[PDB]
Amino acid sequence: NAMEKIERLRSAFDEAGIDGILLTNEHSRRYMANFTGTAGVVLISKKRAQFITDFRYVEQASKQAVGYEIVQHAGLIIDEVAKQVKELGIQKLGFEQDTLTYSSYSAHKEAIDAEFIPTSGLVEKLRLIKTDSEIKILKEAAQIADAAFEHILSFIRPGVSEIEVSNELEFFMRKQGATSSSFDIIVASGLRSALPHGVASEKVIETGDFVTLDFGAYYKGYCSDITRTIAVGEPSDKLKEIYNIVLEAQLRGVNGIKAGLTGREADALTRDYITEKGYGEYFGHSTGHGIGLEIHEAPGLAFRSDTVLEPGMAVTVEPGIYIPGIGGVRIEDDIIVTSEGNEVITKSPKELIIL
């Protein structure tokens, strides 16, 4: 079945206008070759498949990169790639333009005899649909994030700082087996709760604060991503008002997302309600995006998206309202798209919790 991914990638070649592909992106390398290491490249023709790397990694590669010829280069990877392009008969070699640096582009082009053709999206098409094994891991990563939410509720009080909360979330997910958090944790309290991207700061949490907690677990190479907004003591009617709207919009999203909607449709489940209630101006981001090896990947549940959702897509549903000078709320779940609806894999409570 590393066999089968290679076969499915090869099926894309003619459309892309290539007879081979050079994969340099770490996520593509990990995805196609199950290589967890730091170095090396994958070179795949219509007929052969190679993992090229340095002396250090040869043992690891030979064990993980099952389905690949393990090729060891004697110092200069580009020179080895060029050697193998000629051995594989490749005449029109694809590369990943959205990762490959201009420098490495020039170096490769000079060295290699074939046409060197920019490509985008090839391994991404394969990663879009999660296998059952990937689903199991993502469920585990969500479980660890849920455990940390339940944990952190006994930690947040007035006088603790936002970074302190971020540090305890990081500590607890690791204790439960996460490699680490899956992105720079957001703990955004009081007026900062109006900042959708409010990475934890030195600010001290005070009574009356809404606190948005946006974090996830990086577990066996996969990412979860949960957001919950709690209150520390009694929140304002206006903050309560916004919370209720976000919650309701979010449930409409989870309840209505299914295979066959476009990204625009999926986003409209949440944005229709927030807009109807008069806060469209204040929902300045999309309803969500894909998650897997990366914290943000295809598809986009966004008003511009025409992408049709299919089973096995893993995505976030995360509407919010942000009013500068007042505060904000976001509530985010992770789901797996199914034929009929979806599966919510983040199960922490979404009701307003006052601490």
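Numbers for residues come from their place in the sequence shown, where the first is 1.
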(message) I need to verify one thing: averaged over C-alpha atoms only, is the B-factor higher for 181-189 or for 147-155?
(response) 147-155
(request) Can you let me know which of the two, 89-97 or 240-248, has the higher average C-alpha B-factor in the entry? (result) 240-248
(message) I'd like to know which of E26, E318, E294, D54 has the highest C-alpha temperature factor in the PDB entry.
(response) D54
(request) Identify, among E124, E206, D214, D267, the residue whose C-alpha carries the highest B-factor in the deposited PDB entry. (result) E206
(request) Please place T38 in the lowest, middle or highest third of its chain by C-alpha B factor as given in the entry. (result) highest
(request) Would you mind ranking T262 by its C-alpha B-factor against the rest of the chain and naming the third, lowest, middle or highest? (result) middle
(request) Check where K63 lands among this chain's C-alpha B-factors and tell me if it's the lowest, middle or highest third. (result) highest
(request) Could you tell me which third, lowest, middle or highest, the C-alpha B-factor of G20 occupies within its chain? (result) lowest
(request) Compare the C-alpha B factor of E276 with those of the other modelled residues in its chain, then answer lowest, middle or highest third. (result) highest
